[PDB]
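Colleague: Sequence first, structure after; it's an experimental one.
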Amino acid sequence: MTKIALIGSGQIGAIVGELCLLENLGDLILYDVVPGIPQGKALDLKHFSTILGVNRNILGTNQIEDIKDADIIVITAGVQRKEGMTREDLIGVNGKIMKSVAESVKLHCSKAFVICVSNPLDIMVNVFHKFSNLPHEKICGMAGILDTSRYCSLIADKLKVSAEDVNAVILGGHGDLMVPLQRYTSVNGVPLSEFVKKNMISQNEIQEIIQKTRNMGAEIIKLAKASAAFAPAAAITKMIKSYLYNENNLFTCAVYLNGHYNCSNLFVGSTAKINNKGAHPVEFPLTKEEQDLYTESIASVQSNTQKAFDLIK
Amino acid sequence: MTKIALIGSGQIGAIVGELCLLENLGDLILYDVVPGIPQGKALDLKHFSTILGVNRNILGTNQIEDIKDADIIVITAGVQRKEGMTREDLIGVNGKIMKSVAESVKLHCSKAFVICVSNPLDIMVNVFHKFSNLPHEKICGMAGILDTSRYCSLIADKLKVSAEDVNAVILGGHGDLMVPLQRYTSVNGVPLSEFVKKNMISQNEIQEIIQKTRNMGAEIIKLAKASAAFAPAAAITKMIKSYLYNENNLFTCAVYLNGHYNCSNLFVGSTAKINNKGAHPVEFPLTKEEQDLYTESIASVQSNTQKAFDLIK
Amino acid sequence: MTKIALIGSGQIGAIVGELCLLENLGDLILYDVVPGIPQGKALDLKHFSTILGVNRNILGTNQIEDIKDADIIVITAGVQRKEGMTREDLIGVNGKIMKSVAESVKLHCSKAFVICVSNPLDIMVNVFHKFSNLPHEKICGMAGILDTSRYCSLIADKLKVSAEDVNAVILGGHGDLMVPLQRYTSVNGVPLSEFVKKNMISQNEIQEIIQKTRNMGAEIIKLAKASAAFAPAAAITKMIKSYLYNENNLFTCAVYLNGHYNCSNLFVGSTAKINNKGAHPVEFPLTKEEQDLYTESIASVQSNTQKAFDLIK
Amino acid sequence: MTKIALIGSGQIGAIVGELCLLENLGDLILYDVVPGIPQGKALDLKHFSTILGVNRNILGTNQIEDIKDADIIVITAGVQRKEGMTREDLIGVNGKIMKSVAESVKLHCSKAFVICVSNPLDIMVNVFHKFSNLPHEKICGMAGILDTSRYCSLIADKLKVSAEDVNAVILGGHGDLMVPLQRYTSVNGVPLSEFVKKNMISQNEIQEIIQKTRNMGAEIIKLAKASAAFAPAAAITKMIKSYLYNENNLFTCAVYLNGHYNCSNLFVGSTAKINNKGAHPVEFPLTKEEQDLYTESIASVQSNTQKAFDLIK
Amino acid sequence: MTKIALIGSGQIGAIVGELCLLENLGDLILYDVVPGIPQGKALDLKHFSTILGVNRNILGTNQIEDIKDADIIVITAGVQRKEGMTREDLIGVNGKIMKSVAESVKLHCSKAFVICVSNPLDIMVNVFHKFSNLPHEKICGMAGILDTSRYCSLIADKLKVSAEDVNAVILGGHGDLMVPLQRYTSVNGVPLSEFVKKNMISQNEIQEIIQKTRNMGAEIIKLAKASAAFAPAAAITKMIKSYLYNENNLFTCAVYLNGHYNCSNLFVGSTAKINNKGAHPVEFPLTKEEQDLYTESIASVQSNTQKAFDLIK
């Protein structure tokens, strides 16, 4: 009975649709502006569903009114960045697209939980909120899970351990001003600081890792000649699962802050719980230095978000 | 410990890699001729692995020697067809590529089980056999599973049933001369013929469905502007699973015929079992009319194969 | 949000609960008459859930009112048979228990879909219907998927093939009078009759297999000193999945017949579809000899159902 | 090709076999001393396998020589404790049974990786080592993962968070002298201490939770009238998976200490990595108070292990 | 210990301070921009306190940093409208003042609960939220209580009953687009509609009363040559009391809507509860016609709020 609408049928959308089918999360509505594309991918995905014994319904459409009564909405519509570009260079073109999608969600399915993915992520979540007229807990953006996966994955490699239970918190915008928190990094419960004391990893090796995390998006663009698609889709699916199954899992994602971390009236990457009712920030006790860094990230997101609103006229 | 080598890191390969990671089938070696591409997709796949709690190793490489000791080889290297083109139009360019891959497998991992996917499928399997020097049971191509999924998917839709237990046999080349067998089509055990007697589907509706099944590959290319990637990948992964886990499943795939169905010394789509030891054809008692259709399909594959060998000097 | 209520916290119930948790089908309500038992299994199932990363809610209770607003009900309450007993020996004691459970469902959650498992199976589905006051499509029992598994499993062994795509229809009561249909038995589409023609299996071997299928329930009792628990639980889960996810899969199960197969006003093992709206019988064209066997099975289920109603006073 | 041998076909063994089948980990060998019991459970597991589309081989046997060439061995053979008994009460009867299993493993498959589960756990691992003549890294016992899952499950409930990414380290014997480490407890990376500072949980509430974790095994026995089976099986499976797939995951489990934590020549619950080569202890920097508690737990295990060796003559 | 800060020491502020003292709600901080004014009113209020036996502390100040650690903040700073003006004519001058106060509250007492009173009310609340960086539940504006008191007062007069237990809901902006709800008007529990049926009041008399309620603000300006001061202060005090004493009273006030009444991301007059944690909207089921009126009011408040933000660059 659950309806999942993918607004954007590119790489990410399609793989998200694939991963939702694998876990039987819901019926799919594949939407795109470009004619034929969603219908073709929907055909493929049906055949895929037949081979693997999944039976959910899949509809490829160019009519956005087909999004009606979606329980979940995943927004990948928009242009992606190429080599040499920043995510912020897309601000003009994608802000306009995001507003249009917001307006459509507003009139067709105001009760949906909305995961925004268009870049620059945090900024575009703010645009979607402004024009959508949905409650703020029902809107979020995925980024922190992806940055966290990269950071953890690199930490796990250096420590010669499974990435499976390396966890971490990364605060702030999906960009160069991420704030990975060493204090909030653990390996199956054991803080990262124990591994530095045991000389299994150094402060410098960690700073190196943090740098690779920051530039990872660009690095994959450079190497693959396309932007990352699999990891973003898995992260999105993780957030969908947390909502549908009322899991109350604690992630980092772009979320409405409201007096948390000295910030109010802005969507930005932060620690949050996702359940039945949406995405809910949680504040943890930061040091002065940690909070200073986080505020600095929050200042960029503030500026750029204003810029985005300005450029939309 | 199992090593899976993906020769070709395009859409199909990557997704195959993705599905192999989801089921923990083995460590991946992502190979492509184009520099940087496998490395980047390997990065994305690692981060995808970290998010979903898979821990298998993933290596992106341009050095084909890294294929050494692969248990399994999936070949997607080659060019794909565009709108208006037939699969047979690729014969010239892909035959040469397949020969080169055959030669590489010959010197670097002669013990591997080889699933060919490059188009036109059946023809390219025969090229791979000729220059690889591998036993014929250790080589096959995926196609029948894909074509079956399509045909079963359409039969399921028209009968308003789950596709989950609609099974069928499609014999012959992966092309316009496929031979779907109505006699060998069932819905959770019940022959398709019972549904025609019950008037739930007509002989015309079936012929319509067989036509859509033939053109489906072209229809997706027209709509999606790219060739089917998810279904093919699932089909491949099924055949991999059958080999690795010694399942002895009965599929249709491109397999070495040797007196079966009045055909000898040719790889062509046919009923076969896949286990530990490879792909083994199985002959079922066809009617005259069925066999006649099959032989006709075999004849094209014969002709086009000879063409391919000729064009390779 | 989906609530799955297990009325009976024995082996079958607990495993069903476990399989439902693995696929995230819903929150569990584990009910039993015996104090402490459901609470303890619920603790174990929570710890299981924690280790496998499943987050659904699990409540062990002795208050049947906690079954309120269940979407799904699985009934395993009752006594099981020991060595030397038939299923029909439980008629007296389990009829009374079933009635009581019917009365409870009637006042606490009249909108649920109800899967009965207590033996003798078909009889006890008729009892539940009589005293529950639910629509007939909302009530069924599992058996035919279990018996089909056993029969397909033995066929697969003899043919040296994967059981994965061996499908079959077994009609009739879950007892000695099952009617497995050779004509509706296929191996990945290919009718069983093709394998008799190819001399891969003989009519005698098939009769042998049909006998072992009939006695299988007793053979496991004799060997394991307890009745089969894993396979039943899987079959149940499959029916739950076909209802929750509106799959419309075609199974054999105990369903309300209403002019189908010359039978009216009785729950008995038959071909049915399960979807959002419940279990719906489907009639296929039987031969005279098939229908005669099926009618004979239906007669025992009739007699024994009357016997059960009589013994309830 | 992987062979998993379950020495003991009770509740735990069967469920382990059920989980291994679900993930296609390997062919099963179900062994027990009592005739008929493994054969019957093997039948049920075959049928379960047929319904869920798993195809691995399952053999039920009373001939311990069938254990040959097992890659993995799970030992659950032995008596379980009843209400009012301690785990240590089983020392006499289970020590003898463990020695006999050791002697059998010694002559039939000396290259296996061995996961011991019979109680009292740490003690019985030491017995197995003594009489098996395997390398110490190839032997371990599951316990920590179960105790950790309980403790984390309770922490999660009190904090209103998903258990999914609550991690923790519990050191010491599987018994009243467990040492849960608050310092090494995190919620998706965030240390437990942050939740105390934020007043979301108190030091007393934590001591309460530690008490319930200690008594949990007994509490289930009291409520369910049988010992925990699902969570132990899931823990086991997780250690199997970490070995077979060379995951190098960091758990707590009974492992050979060798200068780690001021302890040498004893198997005891401790922090360890599991991979291709077996179970390897890892020492983390404990406080004086933590180490004191851990040494106290180690002392009991020492004493009781001696006791066990003594009672074996 | 409670500190109540009055930002603005005009008529309303002083009377609020008077009423707080009468009920011992807290220590007062009287702030104004004009030197000497607060110090003088504070003296008077101390003498008043001495006569009436109240002993709270009272500080008159021109230093806004004396607002630190205020639990409550009442903002009356701004210019009031004269005869012939609308509340909307103040938009330019008061928006700027409100922003400045917002900035000061931001740095000096971010934990306060903030009651805005400057006109035009709804619009200025939205300005305060924008620049203050406080959670939206911690900010509100008083208006409904005043409008409701006027409407209930007039209904009481016409019905010859005590105003004491005449209750009503008035939705929407504090202006000509108020929406009084007849359905939600009662006299000690008895709906207004019962009095129309009893012929104690007519539909026309009610429309007359609605009109007097809308113009009442202006009518007092015309007659008294100053804007209302006593009632506004009583209303404010009632909202303070509900916060400080955690009463959870259901009023109408300017509050952050978030998917309530088809409106999101705007402060506007609505039904809300006030407690410990701030002002929380509540949605009641409106008719189409009622919701249409309300949406119209919400549109003005939208437009003018935008206007206000524009006039502040």
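Modeller: Cool, the structure landed. Residues are numbered from 1 along each chain as shown, chains lettered A, B, ... in the order given.
Colleague: how about the residues of chain A that lie near chain C?
Modeller: A:1, A:23-24, A:55-56, A:241, A:245-249, A:276 (C-beta under 8 Å from any C-beta of the partner chain). The C-beta positions use only the backbone N, C-alpha and C, and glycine is treated the same way.
Colleague: Tell me which of those fall in strands.
Modeller: residue A:249 (DSSP state E).
Colleague: which of the residues of chain A next to chain C sit farthest apart?
Modeller: A:55 and A:248 (28.5 Å; C-beta to C-beta).
Colleague: follow-up on the earlier one: list only buried entries from the residues of chain A next to chain C.
Modeller: Neighbour counting with 16 or more other C-beta atoms under 10 Å in any protein chain shown marks A:24, A:55-56, A:241, A:245-249 as buried within the residues of chain A next to chain C.
Colleague: if we look at chain E, which of the residues of chain A next to chain C are close to it?
Modeller: Okay, of the residues of chain A next to chain C, nothing touches chain E (C-beta under 8 Å from any C-beta).
Colleague: from the residues of chain A next to chain C, which is closest to residue A:162?
Modeller: residue A:249 (19.7 Å).
Colleague: and the closest one, what are its bridge partners?
Modeller: residue A:274 (DSSP bridges).
Colleague: That one reaches residue C:55, doesn't it?
Modeller: Yes: with contacts counted by C-beta atoms under 8 Å, residue A:249 reaches residue C:55, the gap being 7.3 Å.
Colleague: Give the buried residues for the host helix or strand of residue A:46.
Modeller: Using DSSP states H and E, residue A:46 sits within helix A:37-52. Within helix A:37-52, the residues scored as buried using 16+ other C-beta under 10 Å are A:37-52.
Colleague: which helices and strands does it pack with?
Modeller: Packing partners of helix A:37-52 (3 or more C-beta pairs under 8 Å, 6 or more residues apart in numbering or on different chains; DSSP states H and E): helix A:11-22, strand A:27-31, strand A:58-61, helix B:144-159, helix B:203-224, helix B:230-244.
Colleague: so how far is it from its chain's centroid?
Modeller: The chain centre lies 24 Å from the centre of helix A:37-52; the measure is C-alpha atoms, centre = their mean, to the nearest Å.
Colleague: And the residues of chain A next to chain C, which is closest to chain E?
Modeller: Proximity of the residues of chain A next to chain C to chain E (C-beta to the nearest C-beta) peaks at residue A:276, which lies at 14.5 Å.
Colleague: Next up, the contacts around that closest one.
Modeller: A:243, A:246, C:1 (C-beta atoms under 8 Å, 6 or more residues apart in numbering or on different chains).
Colleague: circling back to that earlier point, what inclination does the helix holding residue A:46 have with respect to strand A:27-31?
Modeller: If you take axes from the mean of the first three to the mean of the last three C-alpha atoms, to 10 degrees, helix A:37-52 sits at 150 degrees to strand A:27-31.
Colleague: what's the angle from helix A:37-52 to helix B:11-22?
Modeller: 40 degrees.
Colleague: Any residues of the stretch 1-150 of chain A in contact with chain D? List them.
Modeller: Residues of the stretch 1-150 of chain A lying near chain D (C-beta under 8 Å from any C-beta): residue A:53.
Colleague: Chain E contacts on the stretch 1-150 of chain A?
Modeller: Residues of the stretch 1-150 of chain A lying near chain E by C-beta under 8 Å from any C-beta: A:110, A:129-130, A:132-138.
Colleague: related to what we said a few turns ago, now list whatever residues contact both of residue A:249 and residue C:55.
Modeller: D:162, D:164.
Colleague: State the distance spanning the first to the last residue of stretch A:128-145.
Modeller: Chord length of stretch A:128-145, first to last residue, is 20 Å (C-alpha to C-alpha, to the nearest Å).
Colleague: Which positions in that stretch come out as buried?
Modeller: A:128-145.
Colleague: Keep these, but drop any that are not near chain B.
Modeller: Near chain B, by the rule C-beta under 8 Å from any C-beta, you find residue A:145 out of those.
Colleague: Tell me which of the buried residues of stretch A:128-145 fall in strands.
Modeller: Using DSSP E, the buried residues of stretch A:128-145 in strands are A:139-141.
Colleague: Name the nearest of these relative to residue A:79.
Modeller: Scanning those for proximity to residue A:79, where the rule is C-beta to C-beta, the winner is residue A:141, at 16.5 Å.
Colleague: right, and that closest one touches residue A:251 too?
Modeller: No: because the distance of 11.4 Å does not satisfy C-beta under 8 Å, residue A:141 is recorded as not touching residue A:251.
Colleague: wait, which of the buried residues of helix A:37-52 is closest to residue D:93?
Modeller: residue A:52 (48.0 Å).
Colleague: mind checking how far that closest one is from chain C?
Modeller: 12 Å (C-beta to the nearest C-beta, to the nearest Å).
Colleague: Next, the contact list for that residue, please.
Modeller: A:21-22, B:234.
Colleague: Any chance of JSON lines for the helices and strands packed on helix A:37-52, columns distance to residue A:68?
Modeller: Formatted as JSON lines, the helices and strands packed on helix A:37-52 follow (distance: least, C-beta to C-beta, whole Å):
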{"stretch": "helix A:11-22", "distance to residue A:68": "18"}
{"stretch": "strand A:27-31", "distance to residue A:68": "9"}
{"stretch": "strand A:58-61", "distance to residue A:68": "11"}
{"stretch": "helix B:144-159", "distance to residue A:68": "22"}
{"stretch": "helix B:203-224", "distance to residue A:68": "23"}
{"stretch": "helix B:230-244", "distance to residue A:68": "26"}
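Colleague: Good, we can wrap up now.
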